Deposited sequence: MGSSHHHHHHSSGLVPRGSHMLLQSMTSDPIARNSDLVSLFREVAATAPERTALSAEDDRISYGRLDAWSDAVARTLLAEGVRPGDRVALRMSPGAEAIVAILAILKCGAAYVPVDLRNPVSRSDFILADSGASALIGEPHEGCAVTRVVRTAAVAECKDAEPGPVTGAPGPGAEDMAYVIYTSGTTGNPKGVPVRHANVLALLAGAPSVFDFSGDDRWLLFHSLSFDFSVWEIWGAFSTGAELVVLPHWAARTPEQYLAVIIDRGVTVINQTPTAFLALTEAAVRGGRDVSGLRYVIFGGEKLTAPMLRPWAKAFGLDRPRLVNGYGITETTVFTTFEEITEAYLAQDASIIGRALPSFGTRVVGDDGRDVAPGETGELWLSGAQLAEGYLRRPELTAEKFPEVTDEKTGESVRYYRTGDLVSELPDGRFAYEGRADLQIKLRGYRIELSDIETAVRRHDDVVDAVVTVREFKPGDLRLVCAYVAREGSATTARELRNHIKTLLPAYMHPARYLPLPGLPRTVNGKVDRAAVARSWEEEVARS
């Protein structure tokens, strides 16, 4: 085969081939600074030498604390070239979380800027990375770790082969080429960034760095994606709401985009209809992606169609080629098609397990012989094999003599045309009087009363599942990993 993705078994061999083949092509740009693949390859080899001198060796975990930018990408490549795995430290971590990640991962060096009180001593600072930039021109194997990203905190080691499997699966859904330009946006601590970086590099495309000046507003974001000829962007549904409003109000031309890829959050039609109204569904194509750190970024995709806009649920679509699936009931047996159950996943994109958590790993990665990962997500299979996303599987509570599926109440609230987000919690009204309540986010340009939401829910659910009060918020508060902060919601009440 001529295909570098199919032919290489690790990310370093892949990158080296893609660079050596056409080294003058642009790999990375930051404003007008264009860094060719050849330049990036030499630069990251020089930084790898610097890491070797700090005693980094194959199998090590090297911490990385940098904002997404050219130096950070050089640092990742250098770490991988040393046969080591990178452990990204979210810049916004509380100090204690960063301390735990560094301890738990056994990180033996850090590249970038240490957090205040950082216990890792062997540091290659960002400035030392930049110093290697224009100097001249043992490697990992498939089963070597490429990164350890922390979730919830549990460390998830993902191997070179896991990432290659994802990359080999992408073309079943996307038409990418080396003429695309991908925006690097997400924190290196989020696996969305693994996809932004390797989607670009695996295809010989250009990774465009969002400048620091453009970090704050959707107007600034749009200005850059249009100025720099970006063709692929990856966004949370939440970010997409802000992007749409800015594009529409600002009269911007979005039609240079080829793909907008959503991930991380439930996507429903009220989040999509305003963009589709202004811009249609072809240029760019919009594609909902569902996935998990434990199964290498993306598992299923659903390209958005008119049919998506006409229904009120969330459809995550079909699994990539590497995957086997089950939808599993409480009794541990498969549900009947159409029934809601827990998604279980198998295949080459599954991580090996968690780092130093044998107990959790055995529970979350059972064998059935086929090895599975229990997603903790409830889904249902549609007649055609596409999956609908329901909610997290840990949201049943006991209240007032009932078991109550909070995920079902959230889904029902999300069916309302003017709602873009919702969370249901329990709060105390008077002393011994606890009741369901719902905080929600209105679609921009709408306002819905609690009475109207009550009337909506009356048609869908029995009374014991009705929220007693509704609270509109200008967005729900999010945790570190970007999940809804149910404790912060409680405080907002």
- Note on the structure: Counting from 1 along the deposited sequence, the ranges with no C-alpha atoms are 1 to 26, 164 to 169, 185 to 189, 406 to 412, 538 to 544
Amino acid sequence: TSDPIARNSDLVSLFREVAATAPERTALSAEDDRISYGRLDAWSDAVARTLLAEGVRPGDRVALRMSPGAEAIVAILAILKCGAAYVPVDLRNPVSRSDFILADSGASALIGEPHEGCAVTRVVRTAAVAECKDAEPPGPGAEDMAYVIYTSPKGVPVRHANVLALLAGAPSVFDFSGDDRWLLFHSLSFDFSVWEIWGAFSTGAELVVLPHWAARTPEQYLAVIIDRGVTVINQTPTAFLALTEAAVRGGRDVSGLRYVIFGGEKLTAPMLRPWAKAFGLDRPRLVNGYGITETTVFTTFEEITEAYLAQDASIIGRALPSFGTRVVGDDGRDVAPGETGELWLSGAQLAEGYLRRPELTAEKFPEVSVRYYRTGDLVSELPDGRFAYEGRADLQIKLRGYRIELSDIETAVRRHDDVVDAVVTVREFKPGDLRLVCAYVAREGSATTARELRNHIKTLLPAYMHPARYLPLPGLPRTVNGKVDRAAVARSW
From here on, numbers count along this sequence of modelled residues.
- Message: Quick check: 29 to 37 versus 424 to 432, which has the larger average CA B-factor in the record?
- Response: 424 to 432
- Task: Could you check the entry and say whether 276 to 284 or 108 to 116 has the higher mean CA B-factor?
- Result: 108 to 116
- Selection by C-alpha B-factor (highest) of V156, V124, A165, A223: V124
- Between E359, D312, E245, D180, which one tops the list for C-alpha B-factor in the PDB entry? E359
- Message: Quick check on the deposited entry: does the C-alpha B-factor of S187 sit in the lowest, middle or highest third of its chain?
- Response: middle
- Note on the structure: In terms of its chain's C-alpha B-factors, the third that includes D417 is the middle
- According to the PDB entry, is the CA B factor of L476 in the bottom, middle or top third of its chain, that is, lowest, middle or highest? highest
- Item | Record-listed C-alpha B factor of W344: chain third | highest
- Item | Assigned third (lowest, middle, highest) for the C-alpha B factor of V484 | highest
